[PDB]
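Note sheet for the following structure.
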Amino acid sequence: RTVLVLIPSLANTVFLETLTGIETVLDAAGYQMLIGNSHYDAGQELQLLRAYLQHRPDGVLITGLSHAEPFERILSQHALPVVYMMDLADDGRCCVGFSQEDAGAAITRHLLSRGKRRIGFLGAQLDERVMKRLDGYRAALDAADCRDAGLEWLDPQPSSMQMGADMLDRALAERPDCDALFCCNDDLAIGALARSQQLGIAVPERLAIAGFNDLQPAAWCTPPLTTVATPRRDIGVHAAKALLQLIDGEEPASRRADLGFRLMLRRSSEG
């Protein structure tokens with residue numbers, strides 16, 4: 001009857017599409033969805049699994065591949081079926097996701113294609129997927145001999161639009177020559193874009209801006225925001241479908257489902 005879903009955040013909206021997809025599958029099969037919000041903390045992720053034990057979940061949907069030490073032990077000791085989301089494991093674990101790195105290299109290559117050569121990176125939160133995003137951006141820049149530590153900005157606090165505007169201020173003061181920003185999440189990109197307009201900066205002519213995820217507000221910016229559509233809803237759908245089968249001792253369609261991504265190319269980079 002019940003499945004536990006563990007996600008690192010509610011506020012940033014990234015995983016709302018994902019909850020909605022799971023529910024579509026769980027409701028159709030009569031399961032109840034329980035939600036654990038770990039706030040990107042492995043300690044609380046643990047405390048949530050422990051605490052949610054008393055609810056007798058039949059299976060668990062887990063975000064990400066990195067987890068606290070005893071985490072995996074509890075899952076096996078209780079023989080709990082699990083599907084992992086957002087990433088791709090290379091060790092048998094059942095998972096649905098896509099290549100964070102390919103995504104990051106792809107959006108970066110798009111910026112290069114637009115004639116930009118001093119492309120910065122805006123990082124916030126700094127979880128595992130953000131850094132994979134970073135690896136792609138770096139690998140794209142290395143191929144073009146355009147890499148520069150002076151154009152990467154990684155800040156540990158949680159993302160927000162205010163923070164996107166603040167990071168923009170810092171980047172353009174340090175490096176007024178920066179001609180594009182790839183932001184690790186749309187909230188940051190949205191803030192940096194609104195701030196850039198406020199500062200009278202021509203976008204994309206002087207500065208192109210791209211985000212990540214294609215959260216709802218991205219298409220509805222002025223100018224519309226270039227970003228990477230990640231299949232967050234389809235990840236929840238596929239992850240649920242596959243866990244249900246695992247609960248019924250069956251073989252899911254795939255043990256490692258790469259749903260890819262699309263580049264959403266808009267005026268904020270294409271003019």
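Chain lettering (A, B, ...) mirrors the order of the structure tokens, residue numbering begins at 1 for each chain separately, and ligand numbering begins at 1 in order of display.
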
Could you give me, as a PDB file with N, CA and C atoms, in the first residue's frame, the residues within 7 Å of stretch 95-108 of chain A, counting only C-alpha atoms and dropping anything in the same chain fewer than 2 positions from it?
ATOM      1  N   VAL A  83      14.536   1.904  -5.816  1.00  0.00           N
ATOM      2  CA  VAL A  83      14.957   2.470  -7.092  1.00  0.00           C
ATOM      3  C   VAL A  83      15.555   3.854  -6.836  1.00  0.00           C
ATOM      4  N   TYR A  84      16.699   4.122  -7.464  1.00  0.00           N
ATOM      5  CA  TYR A  84      17.435   5.368  -7.264  1.00  0.00           C
ATOM      6  C   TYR A  84      17.190   6.351  -8.411  1.00  0.00           C
ATOM      7  N   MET A  85      17.075   7.635  -8.082  1.00  0.00           N
ATOM      8  CA  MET A  85      16.661   8.627  -9.069  1.00  0.00           C
ATOM      9  C   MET A  85      17.676   9.733  -9.339  1.00  0.00           C
ATOM     10  N   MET A  86      17.611  10.269 -10.562  1.00  0.00           N
ATOM     11  CA  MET A  86      18.380  11.444 -10.988  1.00  0.00           C
ATOM     12  C   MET A  86      19.788  11.138 -11.515  1.00  0.00           C
ATOM     13  N   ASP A  87      20.340  10.001 -11.107  1.00  0.00           N
ATOM     14  CA  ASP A  87      21.701   9.609 -11.469  1.00  0.00           C
ATOM     15  C   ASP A  87      21.707   8.203 -12.050  1.00  0.00           C
ATOM     16  N   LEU A  88      22.866   7.771 -12.530  1.00  0.00           N
ATOM     17  CA  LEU A  88      23.015   6.424 -13.060  1.00  0.00           C
ATOM     18  C   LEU A  88      24.125   5.715 -12.315  1.00  0.00           C
ATOM     19  N   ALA A  89      23.768   4.627 -11.645  1.00  0.00           N
ATOM     20  CA  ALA A  89      24.739   3.826 -10.918  1.00  0.00           C
ATOM     21  C   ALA A  89      25.412   2.874 -11.885  1.00  0.00           C
ATOM     22  N   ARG A  93      22.807  -1.309  -8.818  1.00  0.00           N
ATOM     23  CA  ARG A  93      21.655  -0.634  -8.213  1.00  0.00           C
ATOM     24  C   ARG A  93      20.652  -0.236  -9.288  1.00  0.00           C
ATOM     25  N   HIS A 110      26.696  24.653 -26.433  1.00  0.00           N
ATOM     26  CA  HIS A 110      25.779  25.598 -27.041  1.00  0.00           C
ATOM     27  C   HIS A 110      26.259  27.036 -26.868  1.00  0.00           C
ATOM     28  N   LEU A 111      26.742  27.382 -25.676  1.00  0.00           N
ATOM     29  CA  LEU A 111      27.216  28.745 -25.450  1.00  0.00           C
ATOM     30  C   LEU A 111      28.407  29.061 -26.357  1.00  0.00           C
ATOM     31  N   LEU A 112      29.342  28.120 -26.462  1.00  0.00           N
ATOM     32  CA  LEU A 112      30.470  28.240 -27.385  1.00  0.00           C
ATOM     33  C   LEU A 112      29.995  28.444 -28.830  1.00  0.00           C
ATOM     34  N   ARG A 129      25.525  16.060  -8.066  1.00  0.00           N
ATOM     35  CA  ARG A 129      25.070  16.309  -9.432  1.00  0.00           C
ATOM     36  C   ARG A 129      25.533  17.666  -9.980  1.00  0.00           C
ATOM     37  N   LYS A 132      29.075  17.105 -11.082  1.00  0.00           N
ATOM     38  CA  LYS A 132      29.070  16.422 -12.382  1.00  0.00           C
ATOM     39  C   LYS A 132      28.723  17.384 -13.528  1.00  0.00           C
ATOM     40  N   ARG A 133      27.733  18.243 -13.303  1.00  0.00           N
ATOM     41  CA  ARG A 133      27.424  19.334 -14.226  1.00  0.00           C
ATOM     42  C   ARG A 133      28.671  20.133 -14.518  1.00  0.00           C
ATOM     43  N   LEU A 134      29.404  20.455 -13.452  1.00  0.00           N
ATOM     44  CA  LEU A 134      30.648  21.214 -13.550  1.00  0.00           C
ATOM     45  C   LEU A 134      31.698  20.486 -14.389  1.00  0.00           C
ATOM     46  N   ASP A 135      31.800  19.170 -14.224  1.00  0.00           N
ATOM     47  CA  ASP A 135      32.783  18.374 -14.967  1.00  0.00           C
ATOM     48  C   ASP A 135      32.525  18.474 -16.476  1.00  0.00           C
ATOM     49  N   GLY A 136      31.250  18.484 -16.862  1.00  0.00           N
ATOM     50  CA  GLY A 136      30.866  18.579 -18.264  1.00  0.00           C
ATOM     51  C   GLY A 136      31.231  19.934 -18.843  1.00  0.00           C
ATOM     52  N   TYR A 137      30.826  20.986 -18.143  1.00  0.00           N
ATOM     53  CA  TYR A 137      31.196  22.346 -18.512  1.00  0.00           C
ATOM     54  C   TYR A 137      32.709  22.474 -18.688  1.00  0.00           C
ATOM     55  N   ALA A 139      34.895  19.941 -19.306  1.00  0.00           N
ATOM     56  CA  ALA A 139      35.341  19.090 -20.393  1.00  0.00           C
ATOM     57  C   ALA A 139      35.061  19.759 -21.737  1.00  0.00           C
ATOM     58  N   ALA A 140      33.945  20.484 -21.817  1.00  0.00           N
ATOM     59  CA  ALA A 140      33.628  21.233 -23.032  1.00  0.00           C
ATOM     60  C   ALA A 140      34.630  22.367 -23.237  1.00  0.00           C
ATOM     61  N   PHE A 182      26.838  29.788 -17.463  1.00  0.00           N
ATOM     62  CA  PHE A 182      26.035  28.582 -17.260  1.00  0.00           C
ATOM     63  C   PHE A 182      25.782  28.400 -15.746  1.00  0.00           C
ATOM     64  N   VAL A 228      18.369  23.579 -19.665  1.00  0.00           N
ATOM     65  CA  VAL A 228      18.378  22.174 -20.024  1.00  0.00           C
ATOM     66  C   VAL A 228      17.153  21.521 -19.421  1.00  0.00           C
ATOM     67  N   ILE A 235      11.254  10.612 -14.863  1.00  0.00           N
ATOM     68  CA  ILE A 235      12.091   9.878 -13.926  1.00  0.00           C
ATOM     69  C   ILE A 235      11.256   9.323 -12.766  1.00  0.00           C
ATOM     70  N   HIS A 238       8.918   6.443 -14.401  1.00  0.00           N
ATOM     71  CA  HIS A 238       9.719   5.244 -14.627  1.00  0.00           C
ATOM     72  C   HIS A 238      10.200   4.610 -13.319  1.00  0.00           C
ATOM     73  N   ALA A 239      10.588   5.436 -12.351  1.00  0.00           N
ATOM     74  CA  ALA A 239      11.123   4.917 -11.092  1.00  0.00           C
ATOM     75  C   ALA A 239      10.053   4.167 -10.306  1.00  0.00           C
ATOM     76  N   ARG A 255      17.506  -1.884 -15.573  1.00  0.00           N
ATOM     77  CA  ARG A 255      18.078  -1.704 -14.244  1.00  0.00           C
ATOM     78  C   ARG A 255      18.804  -0.362 -14.202  1.00  0.00           C
ATOM     79  N   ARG A 256      18.958   0.252 -15.373  1.00  0.00           N
ATOM     80  CA  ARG A 256      19.703   1.499 -15.515  1.00  0.00           C
ATOM     81  C   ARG A 256      19.144   2.317 -16.677  1.00  0.00           C
ATOM     82  N   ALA A 257      18.073   3.056 -16.406  1.00  0.00           N
ATOM     83  CA  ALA A 257      17.335   3.769 -17.449  1.00  0.00           C
ATOM     84  C   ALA A 257      17.798   5.219 -17.662  1.00  0.00           C
ATOM     85  N   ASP A 258      18.527   5.441 -18.752  1.00  0.00           N
ATOM     86  CA  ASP A 258      19.001   6.767 -19.123  1.00  0.00           C
ATOM     87  C   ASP A 258      17.944   7.445 -19.980  1.00  0.00           C
ATOM     88  N   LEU A 259      17.202   8.376 -19.388  1.00  0.00           N
ATOM     89  CA  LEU A 259      16.141   9.087 -20.102  1.00  0.00           C
ATOM     90  C   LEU A 259      16.627  10.329 -20.868  1.00  0.00           C
ATOM     91  N   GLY A 260      17.934  10.576 -20.862  1.00  0.00           N
ATOM     92  CA  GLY A 260      18.495  11.722 -21.561  1.00  0.00           C
ATOM     93  C   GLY A 260      18.009  13.091 -21.089  1.00  0.00           C
ATOM     94  N   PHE A 261      18.160  14.087 -21.957  1.00  0.00           N
ATOM     95  CA  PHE A 261      17.791  15.467 -21.668  1.00  0.00           C
ATOM     96  C   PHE A 261      17.624  16.211 -22.995  1.00  0.00           C
ATOM     97  N   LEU A 263      18.125  20.208 -24.731  1.00  0.00           N
ATOM     98  CA  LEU A 263      18.438  21.622 -24.651  1.00  0.00           C
ATOM     99  C   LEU A 263      17.222  22.451 -25.067  1.00  0.00           C
TER     100      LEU A 263
END

Give me, as a VMD selection string, the residues of stretch 151-269 of chain A that a backbone DSSP run labels alpha helix (DSSP H). chain A and resid 161 to 174 186 to 198 232 to 247 267 to 269

Atom CA of residue A:113 and atom CA of residue A:208 are how many Å apart? 11.5 Å

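Interatomic distance, atom CA of residue A:123 against atom CA of residue A:212: 11.0 Å.
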
Between A:215, A:33, A:192, A:168, which one has atoms that come closest to residue A:17, using only C-alpha atoms?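 Smallest distance to residue A:17 is found for A:215.
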
Using only C-alpha atoms, what table do you get, as a tab-separated table, when you list each residue of stretch 157-250 of chain A with an atom no more than 12 Å from stretch 46-67 of chain A, its nearest pair of atoms, and their distance in Å rounded to one decimal, rows by chain then rising number?
residue	atom	partner	partner_atom	distance
A:232	CA	A:63	CA	11.1
A:235	CA	A:63	CA	10.4
A:236	CA	A:61	CA	8.7
A:237	CA	A:61	CA	11.0
A:238	CA	A:61	CA	10.9
A:239	CA	A:61	CA	7.2
A:240	CA	A:61	CA	7.5
A:241	CA	A:61	CA	10.9
A:242	CA	A:61	CA	10.0
A:243	CA	A:59	CA	6.8
A:244	CA	A:59	CA	7.9
A:245	CA	A:59	CA	10.4
A:246	CA	A:59	CA	8.6
A:247	CA	A:59	CA	6.8
A:248	CA	A:58	CA	10.2
A:249	CA	A:59	CA	11.7

Find the residue from A:253, A:178, A:167, A:221 that sits nearest to residue A:117; use only C-alpha atoms when measuring.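 Of all the options, A:178 lies closest to residue A:117.
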
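Nearest residue to residue A:35 among A:6, A:11, A:190, A:197 is A:6, counting only C-alpha atoms.
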
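Atom pair atom CA of residue A:266 / atom CA of residue A:120: separated by 18.6 Å.
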
Fewer than 3 positions away in the same chain doesn't count, so skip those; otherwise give me all residues within 10 Å of stretch 161-163 of chain A, counting only C-alpha atoms, as a list in words. residues 122, 124, 155, 157, 158, 166, 167, 168, 169, 185, 186, 187, 188, 189, 190, 191, 192, 193, 194 and 195 of chain A

Would you write out those residues with N, CA and C atoms, as a JSON list (two decimals), in the first residue's frame?
[["chain", "number", "residue", "atom", "x", "y", "z"],
["A", 122, "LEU", "N", 28.11, 29.17, -12.53],
["A", 122, "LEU", "CA", 27.52, 29.52, -11.24],
["A", 122, "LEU", "C", 27.07, 28.27, -10.51],
["A", 124, "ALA", "N", 25.85, 26.47, -6.78],
["A", 124, "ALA", "CA", 25.30, 26.64, -5.45],
["A", 124, "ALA", "C", 24.95, 25.28, -4.91],
["A", 155, "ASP", "N", 29.47, 28.31, -4.56],
["A", 155, "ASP", "CA", 29.07, 28.78, -3.25],
["A", 155, "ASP", "C", 28.25, 27.69, -2.58],
["A", 157, "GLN", "N", 26.01, 27.73, -0.05],
["A", 157, "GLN", "CA", 24.62, 27.90, 0.39],
["A", 157, "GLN", "C", 23.59, 27.42, -0.64],
["A", 158, "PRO", "N", 22.35, 27.20, -0.17],
["A", 158, "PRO", "CA", 21.25, 26.76, -1.03],
["A", 158, "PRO", "C", 20.98, 27.79, -2.12],
["A", 166, "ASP", "N", 23.26, 38.13, -6.77],
["A", 166, "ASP", "CA", 24.49, 38.42, -6.01],
["A", 166, "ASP", "C", 25.73, 37.82, -6.69],
["A", 167, "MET", "N", 25.61, 36.59, -7.18],
["A", 167, "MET", "CA", 26.74, 35.93, -7.84],
["A", 167, "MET", "C", 27.11, 36.65, -9.15],
["A", 168, "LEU", "N", 26.09, 37.17, -9.83],
["A", 168, "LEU", "CA", 26.27, 37.97, -11.03],
["A", 168, "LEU", "C", 27.10, 39.21, -10.70],
["A", 169, "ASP", "N", 26.68, 39.96, -9.67],
["A", 169, "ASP", "CA", 27.45, 41.13, -9.21],
["A", 169, "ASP", "C", 28.93, 40.79, -9.00],
["A", 185, "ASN", "N", 21.41, 25.75, -11.90],
["A", 185, "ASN", "CA", 19.98, 25.60, -11.64],
["A", 185, "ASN", "C", 19.28, 26.87, -12.12],
["A", 186, "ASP", "N", 18.01, 26.76, -12.51],
["A", 186, "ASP", "CA", 17.29, 27.90, -13.10],
["A", 186, "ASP", "C", 17.05, 29.07, -12.13],
["A", 187, "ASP", "N", 16.88, 28.79, -10.84],
["A", 187, "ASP", "CA", 16.64, 29.89, -9.91],
["A", 187, "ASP", "C", 17.78, 30.90, -9.98],
["A", 188, "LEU", "N", 19.02, 30.40, -9.92],
["A", 188, "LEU", "CA", 20.20, 31.24, -10.09],
["A", 188, "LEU", "C", 20.19, 32.01, -11.42],
["A", 189, "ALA", "N", 19.85, 31.32, -12.51],
["A", 189, "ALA", "CA", 19.87, 31.92, -13.84],
["A", 189, "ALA", "C", 18.83, 33.03, -13.92],
["A", 190, "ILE", "N", 17.67, 32.76, -13.34],
["A", 190, "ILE", "CA", 16.59, 33.73, -13.35],
["A", 190, "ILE", "C", 16.99, 35.01, -12.61],
["A", 191, "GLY", "N", 17.64, 34.85, -11.45],
["A", 191, "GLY", "CA", 18.13, 35.99, -10.70],
["A", 191, "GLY", "C", 19.23, 36.76, -11.41],
["A", 192, "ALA", "N", 20.19, 36.03, -11.97],
["A", 192, "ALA", "CA", 21.25, 36.66, -12.73],
["A", 192, "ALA", "C", 20.71, 37.41, -13.97],
["A", 193, "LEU", "N", 19.76, 36.80, -14.67],
["A", 193, "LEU", "CA", 19.14, 37.46, -15.82],
["A", 193, "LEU", "C", 18.41, 38.74, -15.43],
["A", 194, "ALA", "N", 17.53, 38.68, -14.43],
["A", 194, "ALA", "CA", 16.82, 39.88, -14.00],
["A", 194, "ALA", "C", 17.80, 40.96, -13.53],
["A", 195, "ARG", "N", 18.85, 40.54, -12.83],
["A", 195, "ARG", "CA", 19.85, 41.48, -12.35],
["A", 195, "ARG", "C", 20.59, 42.11, -13.53]]
